[PDB]
Amino acid sequence: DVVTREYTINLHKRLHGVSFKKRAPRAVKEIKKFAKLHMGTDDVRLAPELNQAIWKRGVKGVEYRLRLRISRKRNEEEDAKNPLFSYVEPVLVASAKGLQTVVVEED
Amino acid sequence: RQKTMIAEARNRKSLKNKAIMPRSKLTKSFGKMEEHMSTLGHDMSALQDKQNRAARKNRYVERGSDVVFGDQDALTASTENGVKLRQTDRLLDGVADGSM
Amino acid sequence: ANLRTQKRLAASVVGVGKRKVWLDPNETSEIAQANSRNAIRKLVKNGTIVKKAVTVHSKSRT
Amino acid sequence: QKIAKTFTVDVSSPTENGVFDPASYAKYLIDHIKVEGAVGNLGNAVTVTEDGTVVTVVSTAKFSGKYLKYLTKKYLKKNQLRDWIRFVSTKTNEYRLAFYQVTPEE
Amino acid sequence: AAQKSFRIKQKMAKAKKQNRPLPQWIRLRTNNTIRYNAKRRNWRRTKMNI
Amino acid sequence: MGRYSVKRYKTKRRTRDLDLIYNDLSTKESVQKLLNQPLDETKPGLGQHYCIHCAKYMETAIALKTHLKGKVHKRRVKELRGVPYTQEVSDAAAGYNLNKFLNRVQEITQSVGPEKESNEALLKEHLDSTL
RNA sequence: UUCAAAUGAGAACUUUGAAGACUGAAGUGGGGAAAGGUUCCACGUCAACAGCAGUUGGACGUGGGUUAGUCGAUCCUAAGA
RNA sequence: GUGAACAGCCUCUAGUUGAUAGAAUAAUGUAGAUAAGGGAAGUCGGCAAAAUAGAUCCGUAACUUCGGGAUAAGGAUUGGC
Ligand SMILES: [Mg+2]
Ligand SMILES: [Mg+2]
Ligand SMILES: [Mg+2]
Ligand SMILES: [Mg+2]
Ligand SMILES: [Mg+2]
Ligand SMILES: [Mg+2]
Ligand SMILES: [Mg+2]
Ligand SMILES: [Mg+2]
Ligand SMILES: [Mg+2]
Ligand SMILES: [Mg+2]
Ligand SMILES: [Zn+2]
């Protein structure tokens with residue numbers, strides 16, 4: 001099924017205690033696992049703008065909270081091992097605090 | 001809105017490591033132009049007319065090369081060593097036939 | 001495709017380092033066709049290859 | 001000494017495409033041009049006028065084309081047109097507003 | 001060295017012209033026992049020693 | 001916690017407190033006893049050249065003059081300008097012994113204040129004359 | 001170190017773009033002397049080698065490339081032979 | 001740029017981003033740190049660490065081949081506007 005939602009991921013408690021050279025790569029992997037949990041799709045693709053948002057303050061300056069837009073869509077290629085995949089985009093907001101999960105109407 | 005503009009500018013800019021690409025050298029799309037001008041709230045009639053004129057001017061007409069060679073390729077046997085027509089092939093010039 | 005040769009040729013033609021040369025990722029086949037500095041110059045002219053500006057070292061604080 | 005200098009800006013292309021307001025642009029220039037480090041000090045020194053397609057600035061007090069381009073780029077950024085409209089020089093002290101390159105959608 | 005003698009350059013030219021694998025038509029000859037170039041030289045394996 | 005704070009403000013490396021220095025500066029008799037001392041080998045400068053505000057002994061008169069013509073002494077004097085901050089201040093801040101604190105405040109404002117200021121002025125002019 | 005696309009049967013390691021860093025002009029930059037000898041560059045290309053991998057390579061196959069009255073040798077003499 | 005400075009640190013031009021990787025965070029290690037009160041009671045032996053450190057000002061003994069010792073020793077200061 002095709003669906004789009006906006007989430008907030010708490011990267012602070014997921015990166016708590018991580019070595020400074022590994023913080024941003026582990027943030028990438030935590031976002032992939034987060035999307036896999038919320039959409040049931042092992043295929044998760046992150047937008048390069050989301051990668052920029054993760055890496056904006058260096059390798060050890062990841063944000064505590066990130067506002068993500070996750071779209072479960074259809075894998076249109078006929079060689080796909082899974083029929084659906086997740087696409088994760090950044091949501092550049094005034095503040096990531098106090099935001100609940102919402103459903104975006106795909107129009 | 002001002003806070004959102006600050007956040008978007010911070011995400012876009014990377015000035016400490018490299019410069020921003022020049023807009024005079026880049027090109028953009030009329031779909032993005034129309035959506036931005038619609039967000040600003042102008043009238044898109046003149047811009048849409050200019051885009052329609054440009055699109056109707058940019059015409060593709062099938063030529064004889066499209067008719068004959070459009071779905072084909074090659075026309076010449078590919079050499080084993082990637083050589084030109086008059087380039088010697090030290091390894092294989094003594095063996096004329098491909099079976100041998 | 002392998003555009004290492006085209007990146008080197010574009011740097012040499014434009015007169016900057018390879019760090020200041022931008023190859024359009026959408027015109028990959030067009031860039032791959034360019035084996036010569038003349039074709040590289042044509043690509044620079046039509047905007048497939050772009051020279052980037054220098055990174056700023058401002059002297060305001062100094 | 002105080003030889004008057006004339007700077008022209010051609011706003012015809014954005015105005016005819018209906019994304020620009022020459023009167024607002026000229027009023028912005030009048031309100032934001034600085035003389036001896038302060039705005040609102042254009043007494044018989046800087047005059048800005050517009051006739052719908054050309055904005056003319058006549059100045060006898062330290063006005064450059066670089067300053068005019070700086071102010072015009074500030075105005076375009078304020079109107080969120082900086083990503084689409086640029087300020088260029090056709091000849092010396094004669095300028096125009098152009099659009100950046102846009103490929104048709106088809 | 002870039003500024004080399006003609007004698008050195010001549011030996012280098014001979015080495016370059018010797019540097020090749022076997023011609024393939026040699027393998028097709030009757031009673032051929034030559035199956036590879038046993039005296040092949042590479043610049044990073046065996047030095048020419050001047 | 002850190003090494004600088006620990007090795008400076010260790011318990012055995014303590015200096016005289018602001019309220020004690022205020023009580024030393026309050027009266028002229030205390031000023032006289034601190035200025036005129038017997039020669040003691042265990043103190044630097046034989047117990048002479050003693051800055052009361054900084055509660056510190058210098059080795060020589062020129063050293064005391066240089067110390068007085070410096071920002072450290074000025075910082076100490078500005079710190080001592082105010083209320084000496086006894087425990088009554090904290091009790092009153094919590095709302096405890098408020099009348100006692102008000103009585104101490106008015107006594108400081110009336111009696112002990114100007115007399116301490118006059119003693120400071122006389123000490124300063126004595127140091128200027130003798131140095 | 002990371003993201004996307006491309007290529008490919010196959011991509012942590014190839015290419016382009018998007019990012020984060022580093023050498024910091026006594027350089028991880030630009031040239032030379034000794035030495036090496038084609039390693040330079042292009043096209044093809046993966047069995048072996050590159051202590052993982054590999055579509056990449058200083059690897060394998062086939063070719064192209066070094067233009068002087070003025071830069072050097074050549075001439076002079078040094079310790080010496 | 002800081003700074004006495006081709007020092008250390010940060011940056012521009014140019015050049016790299018190479019060295020098998022992933023997941024956890026037991027003991028013992030290697031490299032680096034902090035620590036109440038005491039202050040060499042440790043040890044063959046203060047080994048190792050710690051403490052000192054730039055600059056300005058005050059001041060500086062025995063001895064001496066009269067040149068030194070000497071930055072002797074011992075004190076005071078340092079920001080911003
Ligand atoms: Mg930890
Ligand atoms: Mg650095
Ligand atoms: Mg060279
Ligand atoms: Mg090569
Ligand atoms: Mg291997
Ligand atoms: Mg080869
Ligand atoms: Mg201790
Ligand atoms: Mg003992
Ligand atoms: Mg013992
Ligand atoms: Mg001594
Ligand atoms: Zn004092």
# chains A, B, ... in the order shown; residues from 1 in each chain; ligands from 1
>>> residues_near_ligand(ligand="ligand 6", cutoff="12 Å", atoms="only C-alpha atoms (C1' of nucleotides) and all ligand atoms", output="PDB file with N, CA and C atoms (P, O5', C5', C4', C3', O3' and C1' of nucleotides), in the first residue's frame")
ATOM      1  N   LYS E  16      61.824  -3.239 -25.123  1.00  0.00           N
ATOM      2  CA  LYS E  16      60.435  -2.916 -25.427  1.00  0.00           C
ATOM      3  C   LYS E  16      59.910  -3.763 -26.579  1.00  0.00           C
ATOM      4  N   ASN E  19      59.205  -7.254 -25.422  1.00  0.00           N
ATOM      5  CA  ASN E  19      58.125  -7.414 -24.454  1.00  0.00           C
ATOM      6  C   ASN E  19      56.774  -7.696 -25.114  1.00  0.00           C
ATOM      7  N   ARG E  20      56.411  -8.972 -25.247  1.00  0.00           N
ATOM      8  CA  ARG E  20      55.152  -9.366 -25.870  1.00  0.00           C
ATOM      9  C   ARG E  20      54.841 -10.805 -25.479  1.00  0.00           C
ATOM     10  N   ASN E  42      58.949  -7.915 -17.168  1.00  0.00           N
ATOM     11  CA  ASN E  42      58.135  -6.792 -16.730  1.00  0.00           C
ATOM     12  C   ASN E  42      59.000  -5.837 -15.918  1.00  0.00           C
ATOM     13  N   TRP E  43      58.670  -4.546 -15.995  1.00  0.00           N
ATOM     14  CA  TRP E  43      59.499  -3.511 -15.384  1.00  0.00           C
ATOM     15  C   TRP E  43      59.546  -3.597 -13.865  1.00  0.00           C
TER      16      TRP E  43
ATOM     17  P     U G  38      59.872  -1.264 -19.947  1.00  0.00           P
ATOM     18  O5'   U G  38      58.422  -0.665 -20.198  1.00  0.00           O
ATOM     19  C5'   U G  38      57.680  -0.056 -19.146  1.00  0.00           C
ATOM     20  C4'   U G  38      56.735   1.005 -19.663  1.00  0.00           C
ATOM     21  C3'   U G  38      56.132   0.739 -21.044  1.00  0.00           C
ATOM     22  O3'   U G  38      54.817   1.283 -21.094  1.00  0.00           O
ATOM     23  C1'   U G  38      57.294   2.783 -21.078  1.00  0.00           C
ATOM     24  P     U G  39      53.607   0.590 -20.302  1.00  0.00           P
ATOM     25  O5'   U G  39      53.589   1.343 -18.898  1.00  0.00           O
ATOM     26  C5'   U G  39      53.013   0.737 -17.754  1.00  0.00           C
ATOM     27  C4'   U G  39      53.466   1.401 -16.475  1.00  0.00           C
ATOM     28  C3'   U G  39      53.203   2.894 -16.344  1.00  0.00           C
ATOM     29  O3'   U G  39      51.871   3.175 -15.957  1.00  0.00           O
ATOM     30  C1'   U G  39      55.377   2.341 -15.531  1.00  0.00           C
ATOM     31  P     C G  40      50.999   4.271 -16.739  1.00  0.00           P
ATOM     32  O5'   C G  40      52.044   5.413 -17.118  1.00  0.00           O
ATOM     33  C5'   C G  40      52.114   6.635 -16.394  1.00  0.00           C
ATOM     34  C4'   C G  40      52.222   7.815 -17.327  1.00  0.00           C
ATOM     35  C3'   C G  40      51.024   8.028 -18.242  1.00  0.00           C
ATOM     36  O3'   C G  40      50.020   8.818 -17.623  1.00  0.00           O
ATOM     37  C1'   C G  40      53.024   8.064 -19.523  1.00  0.00           C
ATOM     38  P     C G  41      48.527   8.265 -17.422  1.00  0.00           P
ATOM     39  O5'   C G  41      47.872   8.393 -18.864  1.00  0.00           O
ATOM     40  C5'   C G  41      47.763   9.650 -19.512  1.00  0.00           C
ATOM     41  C4'   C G  41      47.398   9.476 -20.962  1.00  0.00           C
ATOM     42  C3'   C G  41      46.281   8.483 -21.245  1.00  0.00           C
ATOM     43  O3'   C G  41      44.989   9.030 -21.052  1.00  0.00           O
ATOM     44  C1'   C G  41      48.086   8.079 -22.713  1.00  0.00           C
ATOM     45  P     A G  42      43.771   8.088 -20.596  1.00  0.00           P
ATOM     46  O5'   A G  42      43.251   7.441 -21.955  1.00  0.00           O
ATOM     47  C5'   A G  42      42.867   8.256 -23.052  1.00  0.00           C
ATOM     48  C4'   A G  42      42.796   7.468 -24.337  1.00  0.00           C
ATOM     49  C3'   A G  42      41.932   6.218 -24.310  1.00  0.00           C
ATOM     50  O3'   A G  42      40.555   6.503 -24.472  1.00  0.00           O
ATOM     51  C1'   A G  42      44.002   5.730 -25.344  1.00  0.00           C
ATOM     52  P     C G  43      39.448   5.674 -23.658  1.00  0.00           P
ATOM     53  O5'   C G  43      39.303   4.312 -24.469  1.00  0.00           O
ATOM     54  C5'   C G  43      38.818   4.303 -25.802  1.00  0.00           C
ATOM     55  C4'   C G  43      39.184   3.029 -26.522  1.00  0.00           C
ATOM     56  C3'   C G  43      38.728   1.728 -25.881  1.00  0.00           C
ATOM     57  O3'   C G  43      37.359   1.428 -26.089  1.00  0.00           O
ATOM     58  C1'   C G  43      40.978   1.518 -26.543  1.00  0.00           C
ATOM     59  P     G G  44      36.504   0.742 -24.914  1.00  0.00           P
ATOM     60  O5'   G G  44      36.990  -0.776 -24.899  1.00  0.00           O
ATOM     61  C5'   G G  44      36.756  -1.637 -26.003  1.00  0.00           C
ATOM     62  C4'   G G  44      37.656  -2.850 -25.970  1.00  0.00           C
ATOM     63  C3'   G G  44      37.461  -3.816 -24.812  1.00  0.00           C
ATOM     64  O3'   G G  44      36.357  -4.691 -24.978  1.00  0.00           O
ATOM     65  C1'   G G  44      39.766  -3.418 -25.124  1.00  0.00           C
ATOM     66  P     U G  45      35.418  -5.056 -23.726  1.00  0.00           P
ATOM     67  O5'   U G  45      36.387  -5.783 -22.689  1.00  0.00           O
ATOM     68  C5'   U G  45      37.032  -7.013 -22.996  1.00  0.00           C
ATOM     69  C4'   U G  45      38.128  -7.311 -22.005  1.00  0.00           C
ATOM     70  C3'   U G  45      37.671  -7.465 -20.564  1.00  0.00           C
ATOM     71  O3'   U G  45      37.194  -8.771 -20.300  1.00  0.00           O
ATOM     72  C1'   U G  45      39.542  -6.013 -20.652  1.00  0.00           C
ATOM     73  P     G G  57      40.776   1.640 -14.640  1.00  0.00           P
ATOM     74  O5'   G G  57      42.087   1.245 -13.832  1.00  0.00           O
ATOM     75  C5'   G G  57      42.699   2.154 -12.928  1.00  0.00           C
ATOM     76  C4'   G G  57      43.927   1.551 -12.296  1.00  0.00           C
ATOM     77  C3'   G G  57      44.973   1.012 -13.262  1.00  0.00           C
ATOM     78  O3'   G G  57      45.828   2.038 -13.741  1.00  0.00           O
ATOM     79  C1'   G G  57      44.580  -0.561 -11.523  1.00  0.00           C
ATOM     80  P     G G  58      46.513   1.941 -15.191  1.00  0.00           P
ATOM     81  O5'   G G  58      47.956   1.339 -14.895  1.00  0.00           O
ATOM     82  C5'   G G  58      48.768   1.871 -13.856  1.00  0.00           C
ATOM     83  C4'   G G  58      50.146   1.255 -13.834  1.00  0.00           C
ATOM     84  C3'   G G  58      50.207  -0.192 -13.352  1.00  0.00           C
ATOM     85  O3'   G G  58      51.309  -0.848 -13.979  1.00  0.00           O
ATOM     86  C1'   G G  58      51.448   1.176 -11.884  1.00  0.00           C
ATOM     87  P     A G  59      51.066  -1.949 -15.119  1.00  0.00           P
ATOM     88  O5'   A G  59      50.161  -3.049 -14.410  1.00  0.00           O
ATOM     89  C5'   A G  59      50.723  -3.985 -13.501  1.00  0.00           C
ATOM     90  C4'   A G  59      49.897  -5.244 -13.426  1.00  0.00           C
ATOM     91  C3'   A G  59      49.629  -5.942 -14.750  1.00  0.00           C
ATOM     92  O3'   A G  59      50.708  -6.767 -15.157  1.00  0.00           O
ATOM     93  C1'   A G  59      47.614  -5.776 -13.510  1.00  0.00           C
ATOM     94  P     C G  60      51.098  -6.906 -16.708  1.00  0.00           P
ATOM     95  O5'   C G  60      49.854  -7.648 -17.364  1.00  0.00           O
ATOM     96  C5'   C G  60      49.703  -9.058 -17.290  1.00  0.00           C
ATOM     97  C4'   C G  60      48.515  -9.513 -18.097  1.00  0.00           C
ATOM     98  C3'   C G  60      48.540  -9.128 -19.569  1.00  0.00           C
ATOM     99  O3'   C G  60      49.311 -10.006 -20.370  1.00  0.00           O
ATOM    100  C1'   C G  60      46.440  -8.566 -18.652  1.00  0.00           C
ATOM    101  P     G G  61      50.147  -9.436 -21.615  1.00  0.00           P
ATOM    102  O5'   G G  61      49.039  -9.040 -22.689  1.00  0.00           O
ATOM    103  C5'   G G  61      48.258 -10.034 -23.335  1.00  0.00           C
ATOM    104  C4'   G G  61      47.267  -9.438 -24.306  1.00  0.00           C
ATOM    105  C3'   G G  61      47.806  -8.408 -25.285  1.00  0.00           C
ATOM    106  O3'   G G  61      48.484  -8.981 -26.386  1.00  0.00           O
ATOM    107  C1'   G G  61      45.776  -7.633 -24.367  1.00  0.00           C
ATOM    108  P     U G  62      49.667  -8.175 -27.112  1.00  0.00           P
ATOM    109  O5'   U G  62      48.920  -7.035 -27.936  1.00  0.00           O
ATOM    110  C5'   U G  62      47.987  -7.351 -28.957  1.00  0.00           C
ATOM    111  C4'   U G  62      47.333  -6.109 -29.504  1.00  0.00           C
ATOM    112  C3'   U G  62      48.279  -5.008 -29.952  1.00  0.00           C
ATOM    113  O3'   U G  62      48.827  -5.246 -31.239  1.00  0.00           O
ATOM    114  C1'   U G  62      46.534  -4.076 -28.649  1.00  0.00           C
ATOM    115  P     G G  63      50.104  -4.415 -31.748  1.00  0.00           P
ATOM    116  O5'   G G  63      49.482  -3.031 -32.220  1.00  0.00           O
ATOM    117  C5'   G G  63      50.206  -1.818 -32.110  1.00  0.00           C
ATOM    118  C4'   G G  63      49.272  -0.653 -31.915  1.00  0.00           C
ATOM    119  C3'   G G  63      49.925   0.710 -31.769  1.00  0.00           C
ATOM    120  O3'   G G  63      50.248   1.292 -33.019  1.00  0.00           O
ATOM    121  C1'   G G  63      48.329   0.416 -30.056  1.00  0.00           C
TER     122        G G  63
END
>>> residues_near_ligand(ligand="ligand 1", cutoff="10 Å", atoms="only C-alpha atoms (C1' of nucleotides) and all ligand atoms", output="MDAnalysis selection string")
(chainID A and resid 16:19) or (chainID H and resid 25)
>>> select_by_dssp(residues="chain A", states="strand (DSSP E)", output="VMD selection string")
chain A and resid 3 to 10 44 to 46 65 to 74 84 to 90 102 to 104
>>> write_last_selection(atoms="N, CA and C atoms", output="PDB file, in the first residue's frame")
ATOM      1  N   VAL A   3       1.497   5.083   1.079  1.00  0.00           N
ATOM      2  CA  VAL A   3       1.103   5.972   2.170  1.00  0.00           C
ATOM      3  C   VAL A   3       2.278   6.879   2.507  1.00  0.00           C
ATOM      4  N   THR A   4       1.971   8.084   2.981  1.00  0.00           N
ATOM      5  CA  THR A   4       2.987   9.052   3.372  1.00  0.00           C
ATOM      6  C   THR A   4       2.659   9.589   4.756  1.00  0.00           C
ATOM      7  N   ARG A   5       3.650   9.596   5.645  1.00  0.00           N
ATOM      8  CA  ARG A   5       3.452  10.101   6.996  1.00  0.00           C
ATOM      9  C   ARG A   5       4.640  10.958   7.409  1.00  0.00           C
ATOM     10  N   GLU A   6       4.399  11.833   8.377  1.00  0.00           N
ATOM     11  CA  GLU A   6       5.442  12.636   8.997  1.00  0.00           C
ATOM     12  C   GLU A   6       5.644  12.164  10.430  1.00  0.00           C
ATOM     13  N   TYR A   7       6.902  11.884  10.769  1.00  0.00           N
ATOM     14  CA  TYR A   7       7.329  11.377  12.062  1.00  0.00           C
ATOM     15  C   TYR A   7       8.402  12.284  12.649  1.00  0.00           C
ATOM     16  N   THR A   8       8.607  12.162  13.956  1.00  0.00           N
ATOM     17  CA  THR A   8       9.779  12.710  14.626  1.00  0.00           C
ATOM     18  C   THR A   8      10.591  11.547  15.175  1.00  0.00           C
ATOM     19  N   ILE A   9      11.877  11.503  14.841  1.00  0.00           N
ATOM     20  CA  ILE A   9      12.788  10.504  15.383  1.00  0.00           C
ATOM     21  C   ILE A   9      13.653  11.173  16.444  1.00  0.00           C
ATOM     22  N   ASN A  10      13.746  10.523  17.603  1.00  0.00           N
ATOM     23  CA  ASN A  10      14.582  10.968  18.714  1.00  0.00           C
ATOM     24  C   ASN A  10      15.945  10.313  18.537  1.00  0.00           C
ATOM     25  N   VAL A  44      14.908   0.717   2.190  1.00  0.00           N
ATOM     26  CA  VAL A  44      14.748   2.083   2.671  1.00  0.00           C
ATOM     27  C   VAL A  44      15.794   2.953   1.990  1.00  0.00           C
ATOM     28  N   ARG A  45      15.345   4.023   1.345  1.00  0.00           N
ATOM     29  CA  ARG A  45      16.219   4.943   0.632  1.00  0.00           C
ATOM     30  C   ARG A  45      16.093   6.327   1.246  1.00  0.00           C
ATOM     31  N   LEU A  46      17.231   6.923   1.587  1.00  0.00           N
ATOM     32  CA  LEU A  46      17.275   8.235   2.214  1.00  0.00           C
ATOM     33  C   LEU A  46      17.615   9.294   1.176  1.00  0.00           C
ATOM     34  N   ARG A  65      16.574  15.635  17.649  1.00  0.00           N
ATOM     35  CA  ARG A  65      15.313  15.229  17.047  1.00  0.00           C
ATOM     36  C   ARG A  65      15.283  15.649  15.587  1.00  0.00           C
ATOM     37  N   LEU A  66      14.804  14.755  14.728  1.00  0.00           N
ATOM     38  CA  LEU A  66      14.652  15.052  13.310  1.00  0.00           C
ATOM     39  C   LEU A  66      13.220  14.796  12.867  1.00  0.00           C
ATOM     40  N   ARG A  67      12.695  15.702  12.049  1.00  0.00           N
ATOM     41  CA  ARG A  67      11.362  15.562  11.477  1.00  0.00           C
ATOM     42  C   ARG A  67      11.497  14.935  10.094  1.00  0.00           C
ATOM     43  N   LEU A  68      11.010  13.707   9.949  1.00  0.00           N
ATOM     44  CA  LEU A  68      11.117  12.956   8.709  1.00  0.00           C
ATOM     45  C   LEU A  68       9.758  12.848   8.034  1.00  0.00           C
ATOM     46  N   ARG A  69       9.776  12.844   6.707  1.00  0.00           N
ATOM     47  CA  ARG A  69       8.633  12.445   5.900  1.00  0.00           C
ATOM     48  C   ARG A  69       8.977  11.108   5.256  1.00  0.00           C
ATOM     49  N   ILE A  70       8.162  10.092   5.524  1.00  0.00           N
ATOM     50  CA  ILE A  70       8.396   8.741   5.033  1.00  0.00           C
ATOM     51  C   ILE A  70       7.250   8.372   4.106  1.00  0.00           C
ATOM     52  N   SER A  71       7.588   7.986   2.879  1.00  0.00           N
ATOM     53  CA  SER A  71       6.618   7.580   1.869  1.00  0.00           C
ATOM     54  C   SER A  71       6.877   6.124   1.507  1.00  0.00           C
ATOM     55  N   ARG A  72       5.942   5.248   1.863  1.00  0.00           N
ATOM     56  CA  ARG A  72       5.928   3.899   1.319  1.00  0.00           C
ATOM     57  C   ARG A  72       5.270   3.947  -0.052  1.00  0.00           C
ATOM     58  N   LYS A  73       6.032   3.571  -1.079  1.00  0.00           N
ATOM     59  CA  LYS A  73       5.582   3.596  -2.463  1.00  0.00           C
ATOM     60  C   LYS A  73       5.780   2.232  -3.110  1.00  0.00           C
ATOM     61  N   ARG A  74       5.565   2.148  -4.419  1.00  0.00           N
ATOM     62  CA  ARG A  74       5.666   0.894  -5.148  1.00  0.00           C
ATOM     63  C   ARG A  74       6.994   0.805  -5.885  1.00  0.00           C
ATOM     64  N   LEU A  84       7.468  -3.152  -2.363  1.00  0.00           N
ATOM     65  CA  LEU A  84       7.361  -1.817  -1.796  1.00  0.00           C
ATOM     66  C   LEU A  84       8.702  -1.390  -1.218  1.00  0.00           C
ATOM     67  N   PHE A  85       8.906  -0.076  -1.148  1.00  0.00           N
ATOM     68  CA  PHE A  85      10.084   0.492  -0.511  1.00  0.00           C
ATOM     69  C   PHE A  85       9.696   1.800   0.162  1.00  0.00           C
ATOM     70  N   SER A  86      10.521   2.219   1.113  1.00  0.00           N
ATOM     71  CA  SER A  86      10.328   3.475   1.823  1.00  0.00           C
ATOM     72  C   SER A  86      11.316   4.514   1.319  1.00  0.00           C
ATOM     73  N   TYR A  87      10.844   5.750   1.194  1.00  0.00           N
ATOM     74  CA  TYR A  87      11.673   6.889   0.832  1.00  0.00           C
ATOM     75  C   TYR A  87      11.582   7.915   1.952  1.00  0.00           C
ATOM     76  N   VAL A  88      12.731   8.346   2.458  1.00  0.00           N
ATOM     77  CA  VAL A  88      12.792   9.217   3.625  1.00  0.00           C
ATOM     78  C   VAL A  88      13.353  10.564   3.195  1.00  0.00           C
ATOM     79  N   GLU A  89      12.593  11.623   3.456  1.00  0.00           N
ATOM     80  CA  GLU A  89      12.943  12.990   3.126  1.00  0.00           C
ATOM     81  C   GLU A  89      13.014  13.828   4.396  1.00  0.00           C
ATOM     82  N   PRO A  90      13.813  14.891   4.409  1.00  0.00           N
ATOM     83  CA  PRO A  90      13.803  15.796   5.559  1.00  0.00           C
ATOM     84  C   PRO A  90      12.614  16.742   5.512  1.00  0.00           C
ATOM     85  N   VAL A 102       1.775  12.407  11.829  1.00  0.00           N
ATOM     86  CA  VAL A 102       0.608  12.781  11.038  1.00  0.00           C
ATOM     87  C   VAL A 102       0.652  12.070   9.694  1.00  0.00           C
ATOM     88  N   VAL A 103      -0.507  12.004   9.045  1.00  0.00           N
ATOM     89  CA  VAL A 103      -0.657  11.371   7.739  1.00  0.00           C
ATOM     90  C   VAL A 103      -0.794  12.465   6.691  1.00  0.00           C
ATOM     91  N   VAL A 104       0.017  12.385   5.639  1.00  0.00           N
ATOM     92  CA  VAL A 104      -0.017  13.337   4.535  1.00  0.00           C
ATOM     93  C   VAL A 104      -0.898  12.761   3.436  1.00  0.00           C
TER      94      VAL A 104
END
>>> interface_residues(of="chain C", to="chain H", cutoff="12 Å", atoms="only C-alpha atoms (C1' of nucleotides)", output="compact mmCIF listing (two decimals) with N, CA, C and O atoms, in the first residue's frame")
# COMPACT_ATOMS: atom_id res chain seq x y z
N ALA C 11 39.42 19.95 -16.16
CA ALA C 11 40.27 20.75 -15.28
C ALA C 11 41.38 21.44 -16.06
O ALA C 11 41.60 22.65 -15.91
N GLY C 15 41.37 25.49 -16.68
CA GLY C 15 42.47 26.14 -16.01
C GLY C 15 42.38 26.16 -14.50
O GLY C 15 43.13 26.91 -13.87
N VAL C 16 41.48 25.37 -13.92
CA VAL C 16 41.37 25.22 -12.48
C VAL C 16 41.76 23.79 -12.13
O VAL C 16 42.06 22.99 -13.01
N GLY C 17 41.77 23.47 -10.84
CA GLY C 17 41.98 22.10 -10.44
C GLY C 17 40.75 21.25 -10.69
O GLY C 17 39.67 21.74 -11.00
N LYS C 18 40.94 19.94 -10.54
CA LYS C 18 39.81 19.01 -10.65
C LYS C 18 38.78 19.23 -9.56
O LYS C 18 37.63 18.80 -9.71
N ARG C 19 39.15 19.89 -8.46
CA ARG C 19 38.22 20.17 -7.38
C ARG C 19 37.21 21.26 -7.75
O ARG C 19 36.19 21.39 -7.07
N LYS C 20 37.47 22.03 -8.80
CA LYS C 20 36.63 23.16 -9.19
C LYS C 20 35.84 22.89 -10.47
O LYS C 20 35.31 23.82 -11.07
N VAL C 54 35.64 30.01 -6.23
CA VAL C 54 36.57 29.69 -5.16
C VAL C 54 35.83 29.67 -3.83
O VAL C 54 34.80 30.33 -3.65
N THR C 55 36.35 28.88 -2.89
CA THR C 55 35.86 28.92 -1.52
C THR C 55 36.35 30.20 -0.86
O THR C 55 37.52 30.57 -1.00
N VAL C 56 35.46 30.88 -0.14
CA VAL C 56 35.80 32.19 0.40
C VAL C 56 36.77 32.05 1.56
O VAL C 56 36.67 31.13 2.37
N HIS C 57 37.73 32.96 1.62
CA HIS C 57 38.55 33.20 2.81
C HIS C 57 38.39 34.68 3.09
O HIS C 57 39.17 35.51 2.62
N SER C 58 37.35 35.02 3.85
CA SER C 58 37.02 36.41 4.10
C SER C 58 38.03 37.04 5.06
O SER C 58 38.64 36.36 5.88
N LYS C 59 38.21 38.35 4.93
CA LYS C 59 39.12 39.09 5.78
C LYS C 59 38.40 40.11 6.66
O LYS C 59 39.03 41.05 7.15
N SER C 60 37.09 39.93 6.87
CA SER C 60 36.33 40.88 7.68
C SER C 60 36.82 40.90 9.12
O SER C 60 37.05 41.97 9.69
N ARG C 61 37.01 39.72 9.72
CA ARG C 61 37.47 39.66 11.10
C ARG C 61 38.91 40.14 11.23
O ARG C 61 39.26 40.81 12.21
N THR C 62 39.75 39.81 10.25
CA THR C 62 41.13 40.30 10.25
C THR C 62 41.18 41.82 10.19
O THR C 62 41.92 42.46 10.94
>>> atom_distance(atom1="atom CA of residue F:80", atom2="atom CA of residue F:21")
8.1 Å
>>> interface_residues(of="chain G", to="chain A", cutoff="9 Å", atoms="only C-alpha atoms (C1' of nucleotides)", output="list in words")
residues 1, 2, 3, 4, 18, 19, 20 and 21 of chain G
>>> select_by_dssp(residues="chain B", states="alpha helix (DSSP H)", output="PyMOL selection string")
chain B and resi 2-12+30-40+45-57+64-69
